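**Student:** Residue numbers (the authors' numbering), protein chains in the order written: chain A, 1012 to 1133; chain B, 1012 to 1060; chain C, 770 to 825, 853 to 907, 910 to 963; chain D, 722 to 769; chain E, 528 to 619, 631 to 673, 689 to 721.
Dropping a structure here in structure tokens format, bear with me for questions.
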Amino acid sequence: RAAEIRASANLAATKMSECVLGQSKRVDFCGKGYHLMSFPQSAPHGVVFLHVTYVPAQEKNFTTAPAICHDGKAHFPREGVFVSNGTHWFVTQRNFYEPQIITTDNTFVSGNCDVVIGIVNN
Amino acid sequence: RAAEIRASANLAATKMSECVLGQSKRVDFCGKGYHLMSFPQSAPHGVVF
Amino acid sequence: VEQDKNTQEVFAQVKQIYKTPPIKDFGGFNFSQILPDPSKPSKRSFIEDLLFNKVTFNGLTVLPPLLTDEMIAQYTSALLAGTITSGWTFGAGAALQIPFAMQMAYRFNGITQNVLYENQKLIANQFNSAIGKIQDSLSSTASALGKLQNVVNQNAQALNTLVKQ
Amino acid sequence: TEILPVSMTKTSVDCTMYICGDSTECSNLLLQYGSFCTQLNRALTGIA
Amino acid sequence: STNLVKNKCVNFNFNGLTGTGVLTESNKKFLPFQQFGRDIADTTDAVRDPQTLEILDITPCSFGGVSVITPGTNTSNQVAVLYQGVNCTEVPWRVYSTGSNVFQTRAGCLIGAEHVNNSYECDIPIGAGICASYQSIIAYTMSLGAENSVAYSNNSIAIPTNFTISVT
């Protein structure tokens, strides 16, 4: 039990200590998500841990595009993805939606639009 | 053996848990480089990573 | 009960049996044995079949696992299904789809995407034949399973010396 | 700077010399404990 | 001496060797110099009887532990009983054993419970993949969850607009 206690105590040492000093991505540690913090309280032989578990959620079935040609050249983007929410087309992110104008600042160019199947013209 | 297998299970729970579901900087525990995912299997009493 | 707790801990990591849709279309990717074959009633991969074959009273009862082996097989099929279609974001968020082909570009750009739409076959076939080589190596090479054999042989000899006592 | 053991000295035990000191009468009485020191030495070789 | 009976749990005194179990017909091959058998660690696994000189084999008659499935004395008072690892024909509680329904598991047999076709996130484990509950006792096939399929394509998305923060 003490080795179990010590394994749990090293777990406990790992959990409250680091579970506060920085973002720590290991699961079963502090949060099933992008870890940021935790808050412990004592108890007669042990501790309590509420975990910070940020979750993106409530998914749908919207649309996105593989690539967009512009003036004969194909675009494969660094950040700013081709998506659509139904009506208007924007450049956005991995996890959510935040539009930007397609510019040379937020888009990078790679290859011509004549070989890849499923390309859309713009 | 129950302590070691549960130490192995705590390892085993962790290997599938913290070695697939995101890209952290974990190395030399699960994986041997820029780790990206892993693909387990059953066994009689074990796992394959 | 802690072995039952052990098995549920190591195997029930996600909340439902997620599945990829049975069509396999990313851009020419081959990994026929990492998603198991639902035409087989076993719902397991081939390596598991060889795994099952390869390994070899006065009250020393065996109580069967609650998570019995077909459910263990159904669990691990989900755990194969969990990570190969839905990426790295469901431990950040919901198990929601985002395309795997541009996931291969970002799963590359952390290590730009001109290489993937032009060389989709090449970037794929690196992993494909290499996992193909090792899965053939898993199928062909025996004696790679010391530890479970060490656990079972020690425990069987633990049982055997226990009954030898 | 932190300091942490990583092994110990690898030790093994002759069952019958340590428990008898090379005595036939002692070892004969010792054999009726069955498989008694195979598991100790297995554990210690396992330790080894 | 008396007469010998096979495939029923009896107690036997074979030439001073006292033991318990179910005797049946053995496809093994005793040589004539053999007197009896054992297999591993001094348990007599087969015996040839001292008179008719025919081979029987012995397994001590099937048994296990008994477990009770009761959902709490505040919620109800009815039980289910598990017998661990027996085909539930060689049991001879006679008020329960004859009754409405008796069910048989790969880990033995269940008394006072009926199999259902359902699927539930089960709570009280039985063994062999079946588990029991009060819901009168049901035992069934546990569900891992709903089986659902996150569908991929290169040209579709699923955009969260809210979050589900869970704090445990």
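Even for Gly, the Cβ is constructed at its ideal location relative to N, Cα and C.
1. Could you check whether the Cβ of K1026/A sits closer than 8 Å to any Cβ belonging to chain E?
2. Mind checking whether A1068/A and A869/C have CB atoms under 8 Å apart?
3. Are the stretch 1100-1120 of chain A and the stretch 918-937 of chain C touching by the rule of at least three beta carbon pairs closer than 8 Å?
4. Pick out whichever of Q924/C, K919/C, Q952/C, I880/C has its Cα sitting closest to the Cα of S702/E.
5. Looking at the structure shown, is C588/E part of a helix, part of a strand, or coil, going by DSSP?
6. What in chain B is Cβ-close to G944/C, meaning under 9 Å?
7. Pairs of beta-carbons, one from the stretch 773-788 of chain C and one from the stretch 911-919 of chain C, closer than 8 Å: are there three or more?
8. Rounded to the nearest angstrom, how far is the Cβ of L1032/B from that of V1038/A, given a contact under 8 Å?
9. Out of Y672/E, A699/E, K535/E, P713/E, point me to the one whose CA is closest to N601/E's CA.
10. Give, in chain order, every residue of the stretch 755-767 of chain D whose Cβ lies closer than 7 Å to some Cβ of chain C.
11. What would DSSP say about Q785/C, mapped onto helix, strand or coil?
12. Just checking my contact of residue 909/C with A568/E at CB under 8 Å: how many whole Å lie between their CB atoms?
13. With C-beta atoms as the reference, is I668/E less than 8 Å away from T643/E?
14. Confirm, please, whether the CB-CB distance from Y705/E to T864/C is below 8 Å.
15. Can you tell me where the beta strand (DSSP E) with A922/C in it begins and where it stops?
16. Apart from the five residues on each side of it in sequence, which residues of its chain come closer than 8 Å, Cβ to Cβ, to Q1052/A?
17. Out of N951/C, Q955/C, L957/C, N958/C, which has the shortest C-alpha to C-alpha gap to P1055/B?
18. Across which residues does DSSP place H653/E in a beta bridge pair?
19. Which residue from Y1045/A, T1103/A, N1133/A puts its Cα closest to that of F716/E?
20. Tell me, which residues are paired with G1057/A by DSSP?
21. Are the stretch 887-904 of chain C and the stretch 654-664 of chain E in contact at 8 Å, needing three or more beta carbon pairs?
22. For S1019/B, count the other beta carbons within 10 Å of its own beta carbon; 16 or more makes it buried, fewer makes it exposed. Which is it?
23. Is the number of C-beta pairs between the stretch 798-810 of chain C and the stretch 582-593 of chain E that are closer than 8 Å three or more?
24. If distances are taken between C-alpha atoms only, which option among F886/C, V949/C, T939/C, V858/C comes closest to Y1065/A?
25. So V720/E and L1061/A are in contact, right, with Cβ under 8 Å, and what is the actual spacing, rounded?
26. If you drop the 5 nearest sequence neighbours on each side, which residues of the same chain put their C-beta closer than 6 Å to that of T737/D?
27. Over the uninterrupted beta strand (DSSP E) stretch that includes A607/E, give me the two end residues.
28. Sort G548/E, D566/E, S638/E, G543/E by Cα distance to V532/E and report the nearest one.
29. Does DSSP classify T1074/A as helix, strand or coil?
30. Does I803/C get closer than 8 Å to chain E when you measure Cβ to Cβ?
31. Could you tell me the distance, in whole angstroms, from the CA atom of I690/E to the CA atom of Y658/E?
32. Who are the Cβ neighbours of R813/C in its own chain at under 6 Å, not counting the five residues just before and after it?
33. With a cut-off of 8 Å, does the C-beta of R1012/A fall near any C-beta of chain C?
34. Buried or exposed: where does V727/D fall if 16 or more other Cβ atoms within 10 Å of its Cβ makes it buried?
35. I want to verify the contact list: residues of chain B whose CB lies under 8 Å from the CB of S814/C, in sequence order.
36. In or out: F1087/A buried (at least 16 other Cβ within 10 Å) or exposed?
**Tutor:** In short, the structure shows the following:
1. no
2. It is not a contact, given that the beta carbons lie outside the stated cut-off.
3. no
4. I880/C
5. coil
6. Ordered by position in chain B, no residue passes the 9 Å Cβ test against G944/C, which lies about 11 Å from the chain.
7. no
8. 7 Å
9. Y672/E
10. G755, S756, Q760
11. Here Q785/C carries a coil assignment [DSSP, helix/strand/coil].
12. What the structure lacks is residue 909/C: chain C is numbered 907, then 910, with the residues between left out.
13. yes
14. no
15. No beta strand (DSSP E) contains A922/C, which is instead part of the alpha helix (DSSP H) from 918-938.
16. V1058, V1059
17. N951/C
18. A692/E
19. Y1045/A
20. Answer by DSSP bridge pairing, in chain order: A1054/A.
21. no
22. Burial state of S1019/B is buried, judged by a 10 Å Cβ sphere holding 16 or more other Cβ atoms.
23. With the cut-off at 8 Å, the stretch 798-810 of chain C and the stretch 582-593 of chain E do not touch.
24. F886/C
25. 6 Å
26. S748
27. Where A607/E is concerned, the enclosing beta strand (DSSP E) stretches over 607-611.
28. Ranking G548/E, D566/E, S638/E, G543/E by Cα distance to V532/E puts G548/E first.
29. strand
30. no
31. 14 Å
32. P805, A869
33. no
34. Exposed, by the Cβ-count rule.
35. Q1052
36. That one is buried.
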